[PDB]
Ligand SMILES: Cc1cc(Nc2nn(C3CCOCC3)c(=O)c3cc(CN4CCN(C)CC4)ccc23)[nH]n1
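Just the one chain here, laid out as structure tokens, in the form deposited without this ligand.
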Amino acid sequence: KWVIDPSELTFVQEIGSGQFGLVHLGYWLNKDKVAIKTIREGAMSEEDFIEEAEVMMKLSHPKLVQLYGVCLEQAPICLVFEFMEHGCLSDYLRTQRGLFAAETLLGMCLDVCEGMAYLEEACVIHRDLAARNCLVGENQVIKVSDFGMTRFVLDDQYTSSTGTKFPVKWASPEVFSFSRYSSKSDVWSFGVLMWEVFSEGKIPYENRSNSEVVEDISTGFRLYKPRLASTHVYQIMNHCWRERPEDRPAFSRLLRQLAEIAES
């Protein structure tokens, strides 16, 4: 069962503050050290979320951050995850900028790609794949997290394509135009995530407003080649940013292509 009783959790240290509240380093009884995220009431549709728990808790892969269960006895509810010691990918790239070998950066993209190829095979759409949603664990392993979470987020300005805070920077044209989510729209976000990785955590389209990103993309404009991405890597990135989802490679194809580049 996904239900975790409050007595089965101990909060040890405050890791930080997320979007929906607080994040703590804690311990889960007879199991493991965990990351506990407290969710502010009204931030998410808790009822729709718990409905998918039985099926969704079964998803498990070395390249996905495991969400163990939910402590929901009283409000505010808690999400219990595996502990990722180095935090989010975006901050890890930014603070270690200039200390990354190109193979480590490539290796980081490969970790996400394997995670995403597992979700694709399982027919699970992330919807908001970005470096901020990936975590760094022991020995610099990258794991994907927060997949499918935007289907429960209650802020309309983030979820709706015409919303003021819609994450347009990682959106494929069919996503920004119609909210037509697929593993192929995730492939576009993955292409953007690779750019964040090779740029050492720079903000994609930092010099553009939401509407300007939409006009640039529609007119065929793309993110420039990061200094650390080889021409072979930048071509793979561009394949992710193909206007028609059908011309984009699947994560299963990307995994075989990227591994051949890495393995030489």
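One-based numbering along the sequence shown.
Keep in mind that the form deposited with this ligand bound is not shown, yet the notes after this line are about it.
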{"item": "Heavy atom of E121 within 4.5 Å of this ligand in the deposited bound form", "value": "no"}
{"item": "4.5 Å heavy atom contact, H86 to this ligand in the deposited bound form", "value": "yes"}
{"item": "Partner contact for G18 in the deposited bound form: this ligand, 4.5 angstroms, heavy atom", "value": "yes"}
{"item": "Contact flag, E174 vs this ligand in the deposited bound form, heavy atom cut 4.5 Å", "value": "no"}
{"item": "Candidate from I217, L223, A35, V233 lying within 4.5 Å of this ligand in the deposited bound form - any heavy atom", "value": "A35"}
{"item": "Candidate from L110, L135, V168, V192 lying within 4.5 Å of this ligand in the deposited bound form - any heavy atom", "value": "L135"}
